[PDB]
Each structure stands twice: as structure tokens, then as C-alpha cells.
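Notes follow once the structure below has been shown.
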Amino acid sequence: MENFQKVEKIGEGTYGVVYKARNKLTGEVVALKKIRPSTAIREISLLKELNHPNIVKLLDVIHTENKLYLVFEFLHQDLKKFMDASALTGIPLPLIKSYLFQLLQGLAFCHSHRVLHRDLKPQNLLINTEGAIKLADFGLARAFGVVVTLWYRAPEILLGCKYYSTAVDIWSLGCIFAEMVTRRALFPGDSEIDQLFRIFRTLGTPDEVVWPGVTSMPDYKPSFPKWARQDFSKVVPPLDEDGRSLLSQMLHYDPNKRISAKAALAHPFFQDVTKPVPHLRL
Ligand SMILES: NC(=O)c1cc([N+](=O)[O-])ccc1NCc1ccc(C(=O)O)cc1
């Protein structure tokens, strides 16, 4: 890229290396991701039309010299770093609520346009000095697909379901909501089965009563141990009942019972939502 002036490599992103770069002409500072099919090109291109304040803007999709580059609006920090930086004192509840509320607005928008994320995690939630938080990498999993963190994966994906639904994003966001609250990942699995069993150990091994059709899932085994469900009061203390109620609805096993982003925005937990300024050290 002669048009760009690589300011520095900022990591080995999900689909390849990413650099902070400055457009030599416009002078704009952007994030440039070089990706490792005409089908993908078209899908990816469609995402350039997906604009919302809580979605990281995809500025350009460049297919040149038979290589793929994605140009994104730049944000200085991700939620994973912010959480680590806030680990001693914890992110204040008003800011956790503001962030959750904005992320749900972003999801509601994407989902209303039939676009799924599929791989939400703290690392792809970007924040700025003005108190905004934005979802990065929306739609890339589908446009592409085919050590990976499993911590935020919905149980239907772990059980081998081949058709994802918007519910997988709500599950991931519930896991992130819990992590901001407790300052510890909710389900830190280190293998697909450890991930699944960590979920079962906390929410109870699912059965046909709470999840109709679960025993017919591709990777379900009658041999799975049967764990009893624990109480949310023990899961995300000291979160209040409004928060626990919303989290419980975001973590329902049955994707069809899982709350939608639109419905979650109307949950009583957000009655007093505000938009605080975070303490950001850049
Ligand atoms: N749009 C983007 O600004 C961005 C993009 C990616 N990415 O993998 O495509 C990954 C992280 C991003 N920002 C947050 C960020 C910025 C700088 C640094 C750093 O300098 O270490 C780390 C994270």
C-alpha cells in the first residue's frame, strides 16, 4: 500500500495482521487489516453500507494485487485492554450499563439488517474518549467463515448446530456483560468440551424441558454429565436483580427463548441509563 503510511502493526487480528495507518493523501488515520473468492468480495462490500454509531465503520474493501485489505475507522482502545486496566477497581456500573446499552443498539441495528457477528469478544469491542463503544468485525464471519477463544461461544454452536441465528450474539454479549461486572471471564473454557461443560456446570446441563430439541443436536451425547443449575446470585455478584434478570434472559439455552437486542433495550435495567466519560489512558 503506497497510498498508506503504516504507523505501526497493532496486532495479529482475527483474519490477519492489522496496522494503524495514515492515508498519505487525506491524512486520515485508519486501521488496515490485510486478510489471509468473489462471493466474499461482494458480501464484504455490502457491509460498507452498514452505518450506525455503534458499529465500527468499514471505509473500504480493497482487492488489489490479488490481496484483500479492509480499511476501518480507527479507535484507540479495545474493551479487553480497558477491562484489564480497570481490574483493580472495576468498571463503574453506570459505564457498564452505558456500554451494554450501546452494544445492544448496535446489535439491534445489525440484526434488523440480517447481519450477524458470530464472534463477539472484548477484543472486538472498541472504545473512544467520548464514552462510545462500537462493534468491530460485524458480518466477516459469514462473508468468510471456514489460539481461538471459545469463551463467548453460544451453546448451540458448541453442540454443532450449522445454522446460527441472531441469538448467538446475544449470548456472547451476555458473557461480556458478566465479565465487566465480576472482572473475571464467565466461561473460560480451554477446549470445546471444557467450554461446554463450564457452561453446563453453571447453568445446569440442558434437557428437553428447558431446551426443546437439544438432545437431537449434532454433537449432543447422552453421556454428558448432568449438572444442576446454580443461582445467578452466585454467578455475577454483586449485580442487582435488574441486571441478573437481563443477564438470565441473554443466557437462556434455547436460542428461541433468548431475549432479542430490541427487547433487551426495553429491559428495566436500562431505566436509568446514562452516558459517562471513561477514564482512558492512551
Ligand atoms: N478499527 C480499529 O481501530 C481496530 C481494528 C482492529 N482490527 O483487528 O481490525 C483491532 C483493533 C482496533 N482498535 C483498537 C486498538 C488500537 C491500537 C492498539 C495498539 O496500538 O496496541 C490496540 C487496539
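Basis: the model, the stated rules and, where named, an outside source; nothing here is a laboratory result. FYI the Cβ positions are ideal-geometry reconstructions off the backbone, even for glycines, and counts take in every protein chain you see.
Just one of the listed residues (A143, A154, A132) is more than 16 Å from the ligand (Cβ to nearest atom), within 30 Å of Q77 (Cβ to Cβ), of a type in the set (A, V, I, L, M, F, W, C) and not assigned by CATH to the domain that holds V61, and it is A154. Tell me, yes or no, whether the range 6-23 has at least one residue that is more than 16 Å from the ligand (Cβ to nearest atom) and of a type outside the set (V, I, T). No, the range 6-23 contains no residue that is more than 16 Å from the ligand (Cβ to nearest atom) and of a type outside the set (V, I, T).
Table: residues versus (1) more than 13 Å from the ligand (Cβ to nearest atom); (2) in the same structural domain as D219 (by CATH); (3) not small (G, A, S).
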{"position": "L93", "(1), (2), (3)": "yes, yes, yes"}
{"position": "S98", "(1), (2), (3)": "yes, yes, no"}
{"position": "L103", "(1), (2), (3)": "yes, yes, yes"}
{"position": "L126", "(1), (2), (3)": "no, yes, yes"}
{"position": "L150", "(1), (2), (3)": "yes, yes, yes"}
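Here is a yes/no grid of residues against (1) assigned by CATH to the domain that holds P122; (2) surrounded by fewer than 19 Cβ atoms within 10 Å (Cβ to Cβ); (3) more than 20 Å from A108 (Cβ to Cβ):
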residue	(1), (2), (3)
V181	yes, no, yes
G213	yes, yes, yes
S216	yes, yes, yes
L247	yes, no, no
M250	yes, no, no
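Among residues belonging to the range 113-124 that are among the charged types (D, E, K, R) and within 15 Å of the ligand (Cβ to nearest atom), point out the one that is nearest to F177 (Cα to Cα).
At the first step, the residues of the range 113-124 found to be among the charged types (D, E, K, R) are 114, 118-119, 121.
Now restrict to residues that are within 15 Å of the ligand (Cβ to nearest atom): 119, 121.
Numbers: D119: 15, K121: 11 Å.
Among those residues, the one meeting the criterion is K121.
I'd like to know if the range 254-263 contains one or more residues that are more than 21 Å from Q102 (Cβ to Cβ), in the same structural domain as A167 (by CATH) and surrounded by 14 or more Cβ atoms within 10 Å (Cβ to Cβ). Yes, some residue in the range 254-263 is more than 21 Å from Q102 (Cβ to Cβ), in the same structural domain as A167 (by CATH) and surrounded by 14 or more Cβ atoms within 10 Å (Cβ to Cβ). Could we say that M83 is within 16 Å of the ligand (Cβ to nearest atom) and in the same structural domain as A185 (by CATH) here? Yes, satisfied. Taking the numbered list (1) at positive phi; (2) within 11 Å of the ligand (Cβ to nearest atom); (3) not β-branched (V, I, T) in turn, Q77 passes all entries but (1).
Where helices (runs of 4 or more DSSP H) fall entirely within the range 183-265, those with at least 2 residues that are over 19 Å from the mean Cα position of the chain (by Cα) are at 192-203, 232-235, 241-250. When the range 268-282 is filtered for residues that are surrounded by 18 or more Cβ atoms within 10 Å (Cβ to Cβ) and outside any helix (DSSP H, G or I), only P278 remains.
Taking every residue in the range 140-156 that is among the polar types (S, T, N, Q) and pairing it with any residue that is in a loop (DSSP other than H, G, I, E, B), at least 6 positions away or on another chain, the pairs with Cβ-Cβ distances below 7 Å are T149/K121. Please specify each residue of the range 25-43 satisfying the condition of being out of contact with any helix residue (DSSP H, G or I) (no Cβ under 9 Å at 6 or more places or on another chain), more than 11 Å from the ligand (Cβ to nearest atom) and among the β-branched types (V, I, T). Correct list: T26 only. Of all the residues in the range 141-156, those that are surrounded by 22 or more Cβ atoms within 10 Å (Cβ to Cβ) and either within 23 Å of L47 (Cβ to Cβ) or among the polar types (S, T, N, Q) (or both) number 3. Taken residue by residue, the range 44-56 has at least one member that is near the ligand (Cβ under 10 Å from one of its atoms) and not hydroxyl-bearing (S, T, Y). Answer yes or no as to whether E43 is surrounded by fewer than 14 Cβ atoms within 10 Å (Cβ to Cβ), of a type in the set (D, E, K, R), not in a strand (DSSP E or B) and not assigned by CATH to the domain that holds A185. Here the answer is no, as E43 does not meet what is asked. Of the residues making up the range 17-74, those that are among the aromatic types (F, W, Y) and more than 19 Å from the chain's Cα centre (by Cα) are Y19, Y69.
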